[PDB]
Each structure stands twice: as C-alpha cells, then as structure tokens.
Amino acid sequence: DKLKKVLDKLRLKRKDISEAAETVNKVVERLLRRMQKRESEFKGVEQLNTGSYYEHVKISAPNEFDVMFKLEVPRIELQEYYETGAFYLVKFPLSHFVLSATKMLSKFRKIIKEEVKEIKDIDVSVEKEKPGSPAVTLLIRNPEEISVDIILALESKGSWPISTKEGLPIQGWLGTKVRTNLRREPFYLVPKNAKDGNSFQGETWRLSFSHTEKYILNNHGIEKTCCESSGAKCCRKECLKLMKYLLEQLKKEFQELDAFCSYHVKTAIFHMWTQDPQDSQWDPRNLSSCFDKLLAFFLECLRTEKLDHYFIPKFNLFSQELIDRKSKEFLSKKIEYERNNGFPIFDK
C-alpha cells in the first residue's frame, strides 16, 4: 500500500508530459538543424534520445531530458588511458580538433549558444559550463523549469573495446543472442570534461552505452512478454523509481551526498536484475520485498566500496578515488535509518 502511494505521487501526468515535450522538441530540432544544414564541423550529427524520460523511469515531473548528438567518425583508433577501462584517447572534416574533446566540445558549445540567442519564442538559456559534464545544458523556462542535456558523442561502428569484453553479463537473463546483437550495435565516446588538474584530461573521452541501457530498460524481462499487453507486468522499473526517489530525497537534505547520482542506482539495479533474472522474482505483489532486497544490495555495494560499471567491469564507481568512504558510510546510515523506520523521508 505505502510504496504504491509513493509511486502515484511519482507518476508523471499526461498533461505535463505533453507541454514539456512539445517545448523540448521545438528546441532540440532547431539545434539539430543548425548543426546539419549549416556547413559545420558537425554536419551529419544524428539525434538519439536517452535517459530516464525516454526509458519511462522519469519520476516526479518531466523536467529533465537527455539528448545525444552523435557523429559517425570512421576508422578511428583508440588507446586506453592508464588501464582505467572507461577513458580513452582518440587517434587516427574534424581537422581543426589526437582528437581533442575540449576543443571539439567548445565549438559545439559555441554553435548551440549562438543558436539559442536567436530563439525568440521559448524562454531558453545555456547553463554555465560544469566540471565533469560532457553536456551543453539548456535551462528552459516553460511556465515551469526544464533542463536539457545536449551530449556530444562520437559514434564508432567497430567492435567494442577490449575492456568491455567481460561487460554486459546478460547471458543468463536476456541471452547470448541479445548480447551478441547489442554488441553489434555501435559504441559511443563522450567528453571526459573533468577539470581535475590531472593529466590528459582535455583529450580524454568516456565510453557511453546509453543506447544499450535504453534497450535493456525497454526489454528487461526473461519472458519476451514481460510488461506487454499480452503478458504479466513486473515491478522492475517501479523499484528503480523508488530507489531513485530515496536517493533524490537524501541528496536534497545532505550535501554530504553530492558525489552520488542516479546512475549509481541505475548501475546497481542492472546488477540486481542479472542476479534475479526470473520475471516472477519481480512480481508486482512482491514490490515491498523487491525494494528491500535492492536496498540490501545497494548497502553491500556501499559497505564493500564495490560498484562495477555494468559495461566496463574493471571501472569501480565506488572506488576510494571517486567517492570518499565517509560519504559511503554517511549514505549507509541514512539508508539504514529510512529502511528500518518505514521510510519517513517518503512522506514529505
């Protein structure tokens, strides 16, 4: 009962979706035209919608959209960045950009910013640049506030880099045919825009499988009929929404949680889904015991500082080098507290 009521509060309304998307769409098509039908260095970018709104796991409001402008770049060679798994140098139209992420992102940002100054019918400005975002973020003021991430991404049709060979362990869940087919799809590089003052940081790209994650969200069952009109609904996404909400509520209260994000929850539940592949283990009637085991799994990830990237298994999202242990135990205690006390944080 309780979790249900939370999910109805989390539900987006058809009317807010209609108005939010029609304005987002207007802006994104225009920015896409400016890239192509003007003789630019990104002539030929294609649009690919990603993220939780397009996975149907967006909660609360339709106020955050994610769009990837992807560009095919042929026979480009990669080189792994100090055995990290996820970050790569790109070596060999793109002349005026080793292919530089910061240089290529900067012009991309310029073009979008020029085009946004010429918007006159929608209240839209470009958010200030951020450290660690490959994105140009647009703040749109409908009556309401909507943010849009325009992600720049290179697209390579070659086979996936060696670090992902162990990745994507869907063989017991979605299957070897699905895996092999997914691995025939392209793979994508986005800017690692870190400002860490470290090393190759300006020339570093990050792998991106947002297109694979989108498929999996939309094809998440062991039975092909999971959540279709002639099958049984499951509660896999409803658990992801509840765990995203718990993290969102926590992050609002405790800035000591600034270094956590929804992709940690996303990653953790890809692992749970592979641990519990049967659709019956995610029966709607077990929603409470399913949330519960997901919190437990997330608490074992915090406690052991181990959250491997579902596609790059040697890339630990919970390594000391990314998040301090105090932050993890901070989060453990809040999680433990909410869990044993029937989630008071949900009731506000």
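Position 1 is the first residue in the sequence shown; the rest follow in order. For the two forms, the rigid core is made up of the largest set of C-alpha atoms that agree within 1.5 Å on superposition.
The stretch that moves more in 7 other deposited structures of this protein, judged by CA deviation after a rigid core superposition and choosing between 114-122 and 70-78, is 114-122. Remark: when the other structures in 7 other deposited structures of this protein are fitted onto this one via the rigid core, 136-144 deviates more than the alternative among 247-255 and 136-144, judged by RMS CA distance.
In the deposited entry, the stretch joining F97 to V98 is interrupted by 4 to 9 residues of the deposited sequence lacking coordinates. Going from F92 to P93, you skip over 4 to 9 residues of the deposited sequence that the entry leaves unmodelled.
Averaged over CA atoms, B-factors in the entry run higher in 321-329 than in the other of 12-20 and 321-329.
In this entry, the higher average B-factor at the C-alpha atoms falls on 33-41, of the pair 56-64 and 33-41. Of all the options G158, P143, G172, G167, the entry's greatest CA B-factor is assigned to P143. Per the PDB record, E305 has a higher Cα B-factor than any other of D283, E305, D292, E46. Annotation for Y263: CA B-factor lies in the middle third of the chain's modelled residues. Sorting the modelled residues of the chain by their CA temperature factor places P191 in the middle third.
Among all modelled residues in its chain, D121 ranks in the middle third by Cα B-factor. Sort the chain's modelled residues by C-alpha temperature factor and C301 lands in the highest third, per the entry. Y81: CA B factor lies in the highest third for its chain, per the PDB record.
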